[PDB]
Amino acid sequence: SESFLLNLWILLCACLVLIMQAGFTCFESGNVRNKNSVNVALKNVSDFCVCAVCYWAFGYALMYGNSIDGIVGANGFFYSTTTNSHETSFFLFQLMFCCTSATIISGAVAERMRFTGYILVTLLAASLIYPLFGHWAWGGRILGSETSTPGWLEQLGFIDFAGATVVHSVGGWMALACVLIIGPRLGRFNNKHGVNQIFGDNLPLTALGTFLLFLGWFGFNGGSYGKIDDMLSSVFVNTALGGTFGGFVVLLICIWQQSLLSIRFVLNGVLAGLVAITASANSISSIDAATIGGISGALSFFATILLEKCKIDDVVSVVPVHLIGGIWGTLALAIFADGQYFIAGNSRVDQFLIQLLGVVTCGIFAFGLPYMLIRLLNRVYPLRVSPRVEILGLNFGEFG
């Protein structure tokens, strides 16, 4: 039966996506202080299970089900059986994407968000924000379907190969809302323009985590390809170049400017390069992959510094990596991608405009609505830990 190879491919790609969970756990846990080390681990596994349960129970239905009004899908609840012989593999892969998007959120708020806060934000992400935006961008993109209808953004021509916007930007916007609402760590910023660095206690784990993320990204992009043809290997090369030029560019910056704890920035550079090529890995050349990735690295470095100037404390640099990288990648698609991947009646300017409309829509929905709901939640159920718990650390203070 023909359908075997593609199913096996998707299943293996889904496995690689799951290693990104290990990667996030390591990346975050090494960027935090020992007194907070256990919290990050509990949240990463807990967040995963919650997200999976939600996506299985109804998130897949909302995102990929037949569209009632075009807002939201309305079938595929408690996913089990299908007549589409690619759908089960696809469901598993898409479940891993949902888990990715939500996991992304949690690294920004480290060292001062209460545990039940991670859970409630994860619920919001998995239940509403991710599947709804998902439907609008990718609602019609069901592997092996005969019967599918495009989401409204998708129909206007919005392109996102593997989720620079759908996964990465959605996570990043929600992370930005979270850090603005809970506020900066004690001791991070002082009085006028004072910025103290707070360094993780297990930074080798952050390099392990960077390599695990990089590995998982091959599955992330490779499993989104929708088929097999002789151009699949070009998605892999472009993934490798995106990440490596992201890091290499930051390395050049960093040698030049003699950055202290340069390890944080080069590692984030790699991740930003990977995020940026996620929109377009299938539609660009190797030179353009290097270019897009490299620029994303540079953007991540400058965005990190900008956030500090704004007194926003994003512990692992979710916003510089995922949000700025994801916006950059989504727009860059219009600039660099071979025009044959666009709508026939779209020029590069037309593609730029719809990529931008997607970016803006994502910001309004994934920053705007969470910002309002999380601010509401926080008035009646404070999300920041007590000063005592922050000082002593979530390990002893929160988890005894």
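Start at 1 with the first residue shown and count on from there.
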Original post:
Per the PDB record, is the mean Cα temperature factor higher over 258 to 266 or over 325 to 333?
Top reply: 258 to 266
**OP:** Between 182 to 190 and 312 to 320, point out the one with the higher average CA B-factor as the PDB entry records it.
**Re:** 182 to 190
Original post:
Which one, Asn238, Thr83, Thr304, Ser101, has the peak C-alpha temperature factor per the PDB entry?
Top reply: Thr83
Original post:
Going by the entry, which of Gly223, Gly246, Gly209, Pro150 has the most elevated CA B factor?
Top reply: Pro150
Subject >> Assigned third (lowest, middle, highest) for the C-alpha B factor of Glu111 >> reply: lowest
Subject >> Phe342 by Cα B-factor - lowest, middle or highest third of the modelled chain >> reply: highest
Original post:
Comparing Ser285 with the other modelled residues of its chain, is its CA B-factor in the lowest, middle or highest third?
Top reply: middle
Original post:
Which third, lowest, middle or highest, does the CA B-factor of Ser46 fall in along this chain?
Top reply: lowest
Original post:
What third of the chain, by the recorded C-alpha B-factor, contains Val72?
Top reply: highest
